[PDB]
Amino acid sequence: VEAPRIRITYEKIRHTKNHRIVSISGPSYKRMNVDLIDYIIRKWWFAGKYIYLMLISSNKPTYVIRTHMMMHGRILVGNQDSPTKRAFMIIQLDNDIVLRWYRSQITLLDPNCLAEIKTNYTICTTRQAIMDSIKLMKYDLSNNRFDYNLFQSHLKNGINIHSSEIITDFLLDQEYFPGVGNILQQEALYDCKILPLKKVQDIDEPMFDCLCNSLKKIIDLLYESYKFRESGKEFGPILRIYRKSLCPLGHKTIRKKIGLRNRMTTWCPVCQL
């Protein structure tokens, strides 16, 4: 799951805000080892591949639930009737709405906790992880809080730091491209005719700008495709290189795992040089 699916999920569930938890269950809930009955949903937000849920209750500690949706991971809105099978967590609210988590990493974050944890971009305290999420929203290409100028400045630092690694590895760095996943990175690389094996240091100013524009364009297209489906329409195909045997020009493609991340990338050796 990658952008803009995280935003889409957020937009679908955020109107559960201000409602009370009547019942809650599932293995992922038990694992957190905290009673959340009668807590109130204060706020939802998202940053990259993380969706955050703030829960409050009078005279009780505030908690944040962090969700990382894995492959075929979803948070679904339903009711008591809906099937619960295979769901990691079930939350029923006071208005009979039921939220169901599937195939997701679910973590309790205590904002007052100073224990060190590993996130998808660093190692930091639990408290710092929550604070960082607020800052990382500005770097999320699909987020409404995206800040172009701050993103560009931030990106320039990362280009200097990760100069030695291949471009695919850098495009998947969740500190600099939060929300970007395997499909986006290779679609963008083909769109800009850049070889995935090319090092970051060997990419010039206009082409990094080119990559960022391509990434945001494809995210826009994916989001627009969702908007079409919602109204009962079909937007049409938009993928050009993902799992394709032939590039749209007709060249034979190469498909293998690359980089330290070892993610499977399809590229055209002719078009992308």
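So that there is no doubt, residue numbering starts at 1 and follows the sequence shown.
Checked against the record, the higher mean CA B factor of 54-62 and 204-212 lies with 204-212. Note on 236-244 vs 221-229: mean CA B-factor is higher in 236-244. Between the residues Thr119, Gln128, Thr84, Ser142, the entry's highest C-alpha temperature factor is the one at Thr84. Out of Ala115, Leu172, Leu197, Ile91, it is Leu197 whose C-alpha atom has the highest B-factor in the PDB entry. Looking at the C-alpha B-factors along this chain, the one for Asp132 belongs to the lowest third. Per the PDB record, residue ranking by Cα B-factor puts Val1 in the middle third of the chain. Sort the modelled residues of the chain by CA B factor and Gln185 lands in the middle third.
Among all modelled residues in this chain, the alpha-carbon of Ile123 has a temperature factor (C-alpha) in the middle third. Per the deposited record, the Cα B-factor of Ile24 falls in the lowest third when ranked against the other modelled residues of its chain.
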